[PDB]
C-alpha cells in the first residue's frame, strides 16, 4: 500500500487506437472509481516520473512479464512501490476501445488501477477486481471492491 493518500499518475504514451482525449477520459474515469470511496487523491502530471506510470506496450517491454500479442493477456499493473511499483502496463497488440466492442479501455484500466493501489483479484464474479474481462454498460464497483480498498485506505466521506 501507499503511505501518502495523495498520488500522481502520468499517461507516458498513448494508444493511437483512440483519440488521446478519450484515452485521458478512460483513465481519469478509472481513477475516479477509487477516489469516489477512499481518501485517495490523484494528480496526473505531464512530465517527469509519477507514482503510477501508465504505458501501452507489447511483448518483451523491459520487465520480466512480456505480452503475448493480440488476445490472451490484456494488461498488468504493479503493486504499490517506488519505481516499477504502482505502474500499469497495457498491451498495444490489443484493439483498445471507448465502447462496447472488445477491450474497453476504461473497464480494464479500472481493474488495473485496483492492483496499482494494492488490491488482489476477487472471487466475486460481480467485482471489478474479478480476473475475467467482461463488459457492463454501467461500471461501478462491487461491495467487494469498496470493502477491499477501504480497509486499506479507509473511507472518503
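Residue numbers count along the first chain shown, from 1.
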| property | result |
| --- | --- |
| Entry-level comparison of average CA B-factors, 5-13 and 137-145, reporting the higher stretch | 137-145 |
| Member of 124, 102, 47, 68 with the greatest C-alpha B factor (per the PDB record) | 124 |
| Options 120, 98, 32, 41 - largest CA temperature factor per the record | 41 |
| Chain thirds of CA B-factor: placement of residue 84 | highest |
| Residue 91, C-alpha B-factor rank within chain (lowest, middle or highest third) | middle |
| Chain-wide C-alpha B factor ranking for residue 129, given as lowest, middle or highest third | lowest |
| Chain-relative CA temperature factor third for residue 57 | middle |
| Relative C-alpha B-factor of residue 108, binned into the chain's lowest, middle or highest third | lowest |
